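Asks: Got an experimental structure here, sequence first:
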Amino acid sequence: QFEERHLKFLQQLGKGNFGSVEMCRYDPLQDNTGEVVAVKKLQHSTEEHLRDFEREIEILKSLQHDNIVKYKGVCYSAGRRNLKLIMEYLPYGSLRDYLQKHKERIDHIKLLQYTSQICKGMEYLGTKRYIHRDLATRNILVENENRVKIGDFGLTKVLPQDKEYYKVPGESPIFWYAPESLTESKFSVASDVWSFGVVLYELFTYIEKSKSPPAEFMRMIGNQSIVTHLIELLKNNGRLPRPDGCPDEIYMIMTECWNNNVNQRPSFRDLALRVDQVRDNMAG
Ligand SMILES: CCc1cc(O)ccc1-c1ccc2c(-c3nc4ccccc4[nH]3)n[nH]c2c1
């Protein structure tokens, strides 16, 4: 339990429509310093967003894995109605920024180390029947040069006991969404795997602006609405191209994640083995 008065503001870390993230020092003895944490609050405190936020917290609360970011607590000092979530602070930020600034020290082998760690996380989420729903390079955090961790779990949904998909706004990362998520609003491990396919695309393009999924899909779309154009482009087997210099065996994994049919997509266990193996062939 974190008390507002001891929660000292250092700087803004990242923002969005109704949530924001701040770097903070939690200083219960005020003497003169304590421990640095990442703090999420809601801007527009609508009750659906609050209820969604409270459900995000329970998910975070239930997670313990070396490749998943650590929950520390919550602050109720000033209300329900302005809850704060408190998580560990990882200094190197998101994989999107990190990769983009440090790229010339990061080769295909490093990129495959990151990929492995991502699959181990999603494996572990699969065990708890969680569908992350926002797998993208911008929601993977870097603890150090040899370790990254998932999370922005604000879209994460728990699977029903009886079903293997979840039916569910507001801004969606459509260019990372699988076809059945666009057309029918279904989410599954299968759709999480599709997203991972495009994460693999992001890393192997080195997050170059002009090569990005929005950048690329919008070129192919040419030339309403935009989703409707995407859904149709995907149905005619339109896909993100092979990144320059991307291996055969990696590109194949991408292509397999982006299979129209849910049931023919690879599983995260399989993706771990395949990627862990490609590393060794590349190294030794
Ligand atoms: C508290 C919000 C949240 C809520 C979830 O459900 C899951 C993860 C997070 C989260 C998001 C971002 C961070 C960061 C960080 N460190 C940076 C350095 C530089 C630039 C950006 C950074 N973001 N550390 N820990 C973080 C936890």
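Replies: Right, received. Where do you want to start? Residues are numbered from 1 along each chain as shown.
Asks: Against residue 99, how distant is the residue of the stretch 51-200 of the chain at minimum distance from the ligand?
Replies: Here the residue of the stretch 51-200 of the chain nearest the ligand is residue 93; by C-beta to the nearest ligand atom that distance is 3.2 Å. The C-beta positions use only the backbone N, C-alpha and C, and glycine is treated the same way. Separation of residue 93 from residue 99 (C-beta to C-beta, to the nearest Å): 10 Å.
Asks: Return the residues in contact with the residue of the stretch 51-200 of the chain closest to the ligand.
Replies: 13, 141-142 (C-beta atoms under 8 Å, 6 or more residues apart in numbering).
Asks: go again using 10 Å as the cut-off
Replies: Applying C-beta atoms under 10 Å, 6 or more residues apart in numbering, one finds that residue 93 lies in contact with 13-14, 101, 138, 141-142.
Asks: Check residue 81 too.
Replies: Residue 81 touches 42, 45, 47, 50, counting by C-beta under 10 Å, 6+ apart.
Asks: Isn't the first one up against residue 57?
Replies: Meaning residue 42. No: if you go by C-beta atoms under 10 Å, residue 42 and residue 57 don't touch, sitting 11.7 Å apart.
Asks: Identify the contacts common to those two.
Replies: Common contact partners of residue 42 and residue 57 (C-beta under 10 Å, 6+ apart): 83, 85.
Asks: Go ahead and confirm residue 12 touches residue 22.
Replies: Yes: if you go by C-beta under 10 Å, residue 12 and residue 22 touch, sitting 5.8 Å apart.
Asks: So for these two, which residue has more residues nearby?
Replies: residue 22 (19 against 10; other C-beta atoms under 10 Å).
Asks: looking just at contacts, which helices and strands does the helix or strand that one falls within meet?
Replies: Per DSSP states H and E, residue 22 falls inside strand 19-26. Applying 3 or more C-beta pairs under 10 Å, 6 or more residues apart in numbering; DSSP states H and E, one finds that strand 19-26 contacts strand 7-15, strand 35-42, helix 47-61, strand 71-75, strand 84-88.
Asks: Check the offset of that strand from the chain's centre.
Replies: Offset of strand 19-26 from its chain centre (C-alpha atoms, centre = their mean, to the nearest Å): 19 Å.
Asks: Where do the domain boundaries of the protein fall?
Replies: 1-89, 90-280 (curated CATH domains).
Asks: Point out the most buried one among those domains.
Replies: Counting by mean count of other C-beta atoms under 10 Å, domain 90-280 has the highest mean neighbour count of the domains of the chain, with a mean of 17.
Asks: Centre of the chain to that one, how far?
Replies: The chain centre lies 8 Å from the centre of domain 90-280; the measure is C-alpha atoms, centre = their mean.
Asks: What is the end-to-end distance of that domain?
Replies: Using C-alpha to C-alpha, to the nearest Å, one end of domain 90-280 lies 28 Å from the other.
Asks: do stretch 14-30 as well
Replies: One end of stretch 14-30 to the other measures 26 Å (C-alpha to C-alpha).
Asks: so residue 142, which of the three states?
Replies: strand (DSSP: H, G, I helix; E, B strand; the rest coil).
Asks: for residue 246, same thing?
Replies: What three-state DSSP gives for residue 246 is coil.
Asks: now the closest residue to it other than its chain neighbours: how far from residue 161?
Replies: In space, not counting the residues next to it along the chain, residue 246 is nearest to residue 204; the distance is 4.7 Å by C-beta to C-beta, 6 or more residues apart in numbering. For residue 204, the distance to residue 161 equals 37 Å [C-beta to C-beta].
Asks: now residue 114
Replies: Distance, residue 114 to residue 161, using C-beta to C-beta: 33 Å.
Asks: Up against the ligand, what does the stretch 151-284 of the chain have?
Replies: 151-154 (C-beta under 6 Å from any ligand atom).
Asks: which among those residues gets closest to residue 238?
Replies: Comparing these against residue 238 with C-beta to C-beta places residue 152 closest, at 27.6 Å.
Asks: Kind regards, and thank you for your time.
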